[PDB]
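Have a look at the structure below, then the notes.
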Amino acid sequence: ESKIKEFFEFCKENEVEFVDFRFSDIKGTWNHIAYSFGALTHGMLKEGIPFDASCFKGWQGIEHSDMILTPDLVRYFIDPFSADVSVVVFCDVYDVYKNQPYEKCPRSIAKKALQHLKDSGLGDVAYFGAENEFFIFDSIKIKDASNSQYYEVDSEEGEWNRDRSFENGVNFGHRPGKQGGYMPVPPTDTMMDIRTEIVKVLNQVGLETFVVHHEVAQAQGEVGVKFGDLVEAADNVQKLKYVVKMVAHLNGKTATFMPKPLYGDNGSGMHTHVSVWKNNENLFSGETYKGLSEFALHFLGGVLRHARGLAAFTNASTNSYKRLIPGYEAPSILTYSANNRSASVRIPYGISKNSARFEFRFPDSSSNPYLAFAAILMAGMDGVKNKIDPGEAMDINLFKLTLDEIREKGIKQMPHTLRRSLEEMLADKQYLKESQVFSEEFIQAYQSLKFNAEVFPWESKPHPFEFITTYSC
Amino acid sequence: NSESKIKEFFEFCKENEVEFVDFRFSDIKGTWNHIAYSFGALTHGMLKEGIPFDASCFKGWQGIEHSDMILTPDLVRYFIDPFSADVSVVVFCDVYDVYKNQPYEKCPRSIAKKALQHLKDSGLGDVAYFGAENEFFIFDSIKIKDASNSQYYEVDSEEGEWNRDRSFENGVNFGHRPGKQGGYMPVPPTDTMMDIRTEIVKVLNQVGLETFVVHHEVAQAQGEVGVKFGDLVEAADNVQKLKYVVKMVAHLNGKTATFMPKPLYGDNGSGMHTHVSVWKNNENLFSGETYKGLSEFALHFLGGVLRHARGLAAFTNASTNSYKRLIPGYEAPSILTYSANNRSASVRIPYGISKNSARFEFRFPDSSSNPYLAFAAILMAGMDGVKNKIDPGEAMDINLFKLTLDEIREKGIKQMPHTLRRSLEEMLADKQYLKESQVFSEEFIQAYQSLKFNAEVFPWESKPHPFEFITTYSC
Amino acid sequence: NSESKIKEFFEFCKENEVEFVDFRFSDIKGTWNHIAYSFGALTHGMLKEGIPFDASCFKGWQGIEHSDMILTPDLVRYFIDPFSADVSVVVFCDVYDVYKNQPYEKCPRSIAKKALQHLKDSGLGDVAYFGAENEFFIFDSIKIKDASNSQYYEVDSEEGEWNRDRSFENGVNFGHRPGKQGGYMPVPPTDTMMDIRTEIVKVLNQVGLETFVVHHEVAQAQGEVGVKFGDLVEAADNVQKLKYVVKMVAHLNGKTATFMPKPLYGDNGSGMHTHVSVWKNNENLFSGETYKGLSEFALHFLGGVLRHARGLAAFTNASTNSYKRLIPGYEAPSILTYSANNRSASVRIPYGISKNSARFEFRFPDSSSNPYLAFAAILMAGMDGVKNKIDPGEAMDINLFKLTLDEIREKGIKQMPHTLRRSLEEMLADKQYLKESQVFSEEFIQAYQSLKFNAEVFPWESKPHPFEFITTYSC
Amino acid sequence: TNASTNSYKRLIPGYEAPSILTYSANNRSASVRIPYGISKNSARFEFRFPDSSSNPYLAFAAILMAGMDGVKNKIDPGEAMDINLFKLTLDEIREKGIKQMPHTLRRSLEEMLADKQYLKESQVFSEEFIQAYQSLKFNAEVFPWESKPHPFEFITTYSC
Ligand SMILES: Nc1ncnc2c1ncn2[C@@H]1O[C@H](COP(=O)(O)OP(=O)(O)OP(=O)(O)O)[C@@H](O)[C@H]1O
Ligand SMILES: Nc1ncnc2c1ncn2[C@@H]1O[C@H](COP(=O)(O)OP(=O)(O)O)[C@@H](O)[C@H]1O
Ligand SMILES: Nc1ncnc2c1ncn2[C@@H]1O[C@H](COP(=O)(O)OP(=O)(O)O)[C@@H](O)[C@H]1O
Ligand SMILES: Nc1ncnc2c1ncn2[C@@H]1O[C@H](COP(=O)(O)OP(=O)(O)O)[C@@H](O)[C@H]1O
Ligand SMILES: CP(=O)(O)CC[C@H](N)C(=O)O
């Protein structure tokens, strides 16, 4: 009843016309329901907002439809894009049937995960750093018929348009190749002005930014946002994606975060940077390995342990496993190395006492960031308590190594498809179930979501290529 | 190739004014290739010790540096080609290995010969008969795209649901279409292929196959011809014969044909239902009194197929598109059980069963497989059942498509594999029954798995699927 | 099937040079289905105990785990197919149940056989003669769209009044059209089908039917060919024979036909007028002096049909589109009464009545019905009337279309059901006259019921109608 | 409340719209829902079955007249069916003897002409008016719907 006080005056000052609550279902889809501002009261930011939770896969049945969304009054912001002054408020789903936060609400599973660390005493805060690579495209067509599957992404930069005629029969040239976006100047990079637009809008929504470049792939970009609390970071993951997409829309374009839209060029990742702190210290800083600690070396060993099951949350779509192909800055072998992008985890080279972190490179933004980040922690905490060796560091370009020497040398490796990684995750979920952080009911709801939403379609829908190879059998 | 077998061939050619001789052979994928000779150039020594060719052009076979191999002509089942504009005689060929000096251990017609011979040597029988129903589609068009920014296919047949509102010749649209899953088997004009189908049969007749049924099939532009059973190699030859004709009579009618298992999502798939019986001294050994007119021999055979099925499947369902077909509810099996009159099952025991018709039909193989291999492997697995009296279990006579995933997993029924990699895995974890008597060579199975992982699995896993842009582009 | 008719069938197929034997049979909808055998394959032993087939592909019949069934050939009214390019013979078949070991209780042709027999065994009569007037439309084009955001249909025909102002081949339009309701029966050029109707009649002559009238009918593109009556089963057979011929002669002339009941709003429908008489010992039992040349037997038979009509119409008007047709002002009956020379009644006593020609014309059925089931049902409805001496009321010699809304409900005439759901509920409420002598099994009345509810009513109750957007889109 | 044929294409199971005539709390599968938000002030019913093809003056009038009538005759509501009421099979519905919304406008117009007395209370709905409504809907919605062929029956029936 003070952040309420602070809130209800912050609205009077920006002339807030609508209160836009935003929540995240299990897929990570940020949803919004919005109220007329004069109808909002003190006694509804403690009562909560009713919604229908039966319209969300993995959540409520239709005979127990009504749930409460509960306002949480931090990191709210003024929508840059609405034409009538809206303010955006983060919410949790509260379960009016077990009278507790919703066991299938990710922003709660993340919250539950953030304090599990506190109550474990292993550390106080756990910081998350999310490089979210993206694409900005010109057009996006799809078809899913009985007789035809079909997609086509479009961008003027693309090698498919070197022979093409644009406005006057004209084609201004000046293109990055396949794998050529890193990092030419204009006019080759067409997207200088629009990315300084995003950042300026990201500054205005509360994220602290620091880098903006063009990425390797054809229409690819990246913004460095400053690391945050486990939850706070994923709040900012959702915020980022809203801004980028809506900046793309209003600039007459379409943007995506998906893992791998272009075959044969780089795919957007989610480079997660993690380090755990306590009593003003960075508990990964040490002297045991290249500026790292045994607590660190172990946190790592928990994530390299449950990685195959961890991909179920970290790499949550079939399209992710089109990214995990050797040869595109993306990872595959579950190992670690300093200064090395062909690894699953790179120690950043800029490593002083405060910066000491791991960069897990394997996630992409088809993960739900709350669940994704939640699960990178329980994995790590299981590393500390069970003091589990991370193995030996491999300072090799891992891609080049012949495929028979992976089985031969016995080194673990990312799963090749999603169905696989849902199966490792079900085969050992126990570290996820600590202190009912991830409940089993939710763990179940999750997979009867991802199989029905993702695995079973892929498995049953003819693939264009299957007609090159098999239609002449 | 006898010496009078040779002269009857020359005479046949002479009688028929053969201008060309067209040798044909199958590579591991199952593709049927040819190389043809001026008849005047053909001599009595070429049909005795071989035709030179370049075997490094076929994923699986030779490296560029030991590239030369030899085709050995087998003068059986040759025929005058119905479609060539100059009289030619198609002649079936084996590959000969001119380094190890022996029939090529990777030549799929050789493997089936070794298989059928393995059966004779062991004395379990003299002959394995195979019946193969090869369903096919006939389309009007097939568009494909495979670039970096796009993936795309489209079939077209005027019988198709998607054409109900379409305009054709004069803005005119004729009506009378079968529904999705409604082509079975209405009369014309809903059935727009009665003619091209009787064309097919008559030409199948010319090329040496005996026919009985022809009919329309469930899916929109789908068909089936019933051709009599041959021995293990003869049937696998007649499958290639069938596929050639159906693809050529479709082409000369300005149309295009596919034996791939699942060109349409939401409609019935195209199978190779294989019907099997093993015989010794002129008694069908499958005939008996144990279970619905079948014997303990027959049942054990069945035990081996089911036992080794998930490995077998890497040969009998030889493509990623094969698994799009193995999906509940299109008369395609998913559960590895057997039953009478039950199309929900893997193995169907048919109704009109007699001392002549004692058989099984195995409904899980498709035509994306190599017939020579998918058959040999069905035998190897099957004799492994006889030799070890492997037990099929008891028939499930339910609708298995109704069974829940929990209910299916709980009672712990074995199902088909869900992908081509898994069944390839399962097949490398279980090679022994194939390797009996050098029938399937260890070398060959390695080439086979390397070929298939590189030509089918890694494309699939690494090539974005369109429907992924529905589910994940807006994340 | 005696081995005599088997001798004469084979011998018939040698002199017409037959390459295929096209076996045919009708499902519960009435869709005529075929499956063809290479003639050289055909066997005496096969025409004795039958052809197997996949029975699970037919709504209402078997389920996939008892899918096998036997088609049993019936060597009557076979005929050379005019239309196929390679000589085929079309042969009718029944469905045999190989689980209950009996003619299939859900094969319409058997049920109709059970009806004709039941009349025999009942002693009421030796034979029941059925004459069927099968009106049709010949269109040029038919487009349909069945989507989430759209429902669409367009018929086209050059006769249609929607083309008076349109350009055809070279900016040109020949005029001379019948208007709405004008097709009866102006000479050419207005009548654009003198030659395609004569083609039909002739190809009906070839395939075995006696024809007499051929005319254009009242609606824009309509027509009717009179056929000499047959026995209950034979009349049903020739309804399938006719429908085939008419749909194929449309096809090969660049056109598309339909027996559907009401393809055009505001113009006449397509009816199937059923002419019916029952004889015994060579005398026409309908012949008498009780009313307009008919006997008591006749009237009471009629008493039966009208009593049970509301339920009967689920069997004789079998599609939601049947009920678009059953509305006043287009020569179809909505009012369940009888009258001599009145085309606005349900049943008409045609004028030229002799002792040989005493019959009733039941006018309410349409061709969307299953002819075997529709005729069986009428017979039962009428047998019930003979046995129970049901009185058909008196005659209604008026223009029944001129009867105002709350006036036909005043005088307590009952009228046809307004929707196919309502006809279905009536029939399940009055089954007992169908199951007499087990002619219509109960098991069968339930399959039919779920057949029609699922395949007609629920799609109608659930799919937005375009006209609903006129009335409610601005609500 | 559902004064159009279009109404009855919505009253179909599976689309968050009620077919079965019973009530339940937190249940979008029922005719009447009891909101969890149920204070001393906000105690209401959500009758989920109306739609905006009703004249809403007529609709709220007739809801009241029936809902009033309930009080005078102390009409018992039955037991709460707190089920996903879609999951009921057709036969389980008949055997359980469950009331259910009409499948057609024609039907509900008939069911209403057979049950009028509770609207004619204290002259609120006139016999005269009811009679004029009765014909207006019949001539303007039922008779069109029953006579204008439907696209779907050409898939179904053009090839009969
Ligand atoms: N005591 C009351 N009497 C009548 N109407 C009321 C009463 N209290 C609230 N209402 C009205 O009923 C409606 C309820 O809106 P509300 O937002 O509560 O919907 P809901 O059924 O909970 O659906 P959802 O879960 O989709 O938000 C509003 O129009 C509201 O003002
Ligand atoms: N101690 C830390 N804990 C967590 N994240 C950090 C820490 N230090 C930096 N980061 C974050 O790492 C992400 C990547 O920063 P960047 O300078 O791009 O590193 P790199 O050299 O790995 O590319 C940013 O979100 C950044 O704020
Ligand atoms: N004893 C037998 N062994 C192996 N195959 C057989 C035997 N008898 C028949 N067949 C074959 O079985 C296949 C199909 O049987 P079929 O009669 O077509 O079944 P259905 O028509 O019900 O699908 C054909 O290739 C046929 O020759
Ligand atoms: N005794 C009878 N029983 C049954 N049908 C008959 C009998 N006599 C004639 N029919 C048939 O009834 C139909 C009558 O045709 P028609 O006399 O042209 O009638 P309309 O002028 O109403 O078209 C024909 O199929 C004809 O064979
Ligand atoms: C009518 P049928 O017995 O031939 C079933 C064939 C099926 N499409 C399949 O996938 O094998």
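Chain B is numbered as in Swiss-Prot; the shown residues are, in order, 7-481.
Cβ atoms are placed via backbone N, Cα and C, with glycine included.
The candidate list B:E55, B:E71, B:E205, B:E367 contains one residue that Swiss-Prot assigns to the Mg(2+) 1 site with B:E139, B:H279, namely B:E367.
What Swiss-Prot records for the Mg(2+) 2 site is B:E223, B:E230, and among B:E141, B:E302, B:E337 the residue it adds there is B:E141. Candidate binding-site residues: B:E139, B:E230, B:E367, B:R369. Not one of them has a Cβ under 6 Å from ligand 4. Cβ-based neighbour count (10 Å, all protein chains) for B:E139 (Mg(2+) 1 binding site) stands at 19.
Packing around B:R349 (L-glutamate binding site) is summarised by its Cβ count: 26 other Cβ atoms lie within 10 angstroms of its Cβ, all protein chains included.
Proximity of B:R369 (L-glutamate binding site) to non-local residues of its own chain (separation of 6 or more, Cβ distance below 8 Å) is seen for B:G277, B:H279, B:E337, B:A338, B:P339, B:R349, B:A351, B:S352, B:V353, B:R354, given in sequence order. Look at B:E230 (Mg(2+) 2 binding site): DSSP puts it in a strand. A straight line from the CA of B:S283 (ATP binding site) to the CA of B:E367 (Mg(2+) 1 binding site) spans 9 Å. Considering only the binding-site residues B:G275, B:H281, B:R331, the residues lying within 10 A of B:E141 (Mg(2+) 2 binding site) on a C-alpha to C-alpha basis are B:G275. Of all the binding-site residues in the list B:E139, B:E223, B:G275, B:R331, the shortest Cα-Cα distance to B:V282 (ATP binding site) is found for B:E139. Put simply, B:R331 (L-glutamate binding site) is 16 Å from B:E139 (Mg(2+) 1 binding site) when counted between their Cα atoms. Spacing of B:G275 (L-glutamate binding site) relative to B:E223 (Mg(2+) 2 binding site) is 10 Å (Cα to Cα, whole number). Close to ligand 5, meaning a Cβ under 6 Å from one of its atoms, are these of the binding-site residues B:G275, B:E337, B:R354: B:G275, B:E337. Under 8 angstroms separates the C-beta of B:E337, B:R349 from a C-beta of chain C, among the binding-site residues B:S283, B:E337, B:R349. Using DSSP to sort the residues of the domain 'GS beta-grasp' (B:22-106) gives these counts of helix, strand and coil: 14 helix, 36 strand, 35 coil. On its own chain, B:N274 (L-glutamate binding site) has B:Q187, B:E223, B:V224, B:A225, B:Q228, B:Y336, B:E337 as residues at least 6 apart in sequence with a Cβ closer than 8 Å to its own Cβ. Listed in sequence order, the binding-site residues among B:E141, B:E223, B:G275, B:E337, B:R349 whose CB lies under 6 angstroms from an atom of ligand 3 come out as none at all.
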